């Protein structure tokens, strides 16, 4: 199984603001769609609320501790380990946040597909810091920039 993290962030690793994206970049959202299409996507419960509905054409997997919580069109597991365990037969799994999910996944992640933006936005939640000396930049397309890293 190839564990992959995908996230759009700024120079200070900001990702969210009051349970929302602090920006709107259609180019990044189209990039997110093509990358995630036809694959499992694991997300935190607040990230689902951020989206508002299941992402179409994709197996939406939602992590939560609420044991009676039901969600229409998503599979619910009670830990990241029960998610990865249930997707053992899968070839690739995509983690899309939020911060607590990203943090727990980072040490298990094989690949990273990250969008870095040359701007300083205001916010509250952030992407947890990786170690630049552990990763290798596979692809870097400068338009923001689509940055692919591989451990």
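Residue numbers count along the first chain shown, from 1.
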Can you count the deposited residues that have no coordinates between residue 143 and residue 144 and report it as none, 1 to 3, 4 to 9, or 10 or more? 4 to 9
Per the entry, where is the mean C-alpha temperature factor higher: 85-93 or 116-124? 116-124
Stretch with the higher entry mean CA B-factor, where the candidates are 134-142 and 17-25: 134-142
Report the third (lowest, middle or highest) to which the CA temperature factor of residue 68 belongs, ranking only the modelled residues of the same chain. highest
Lowest, middle or highest third: which one holds residue 1 when the chain's residues are ordered by CA B-factor from the entry? middle
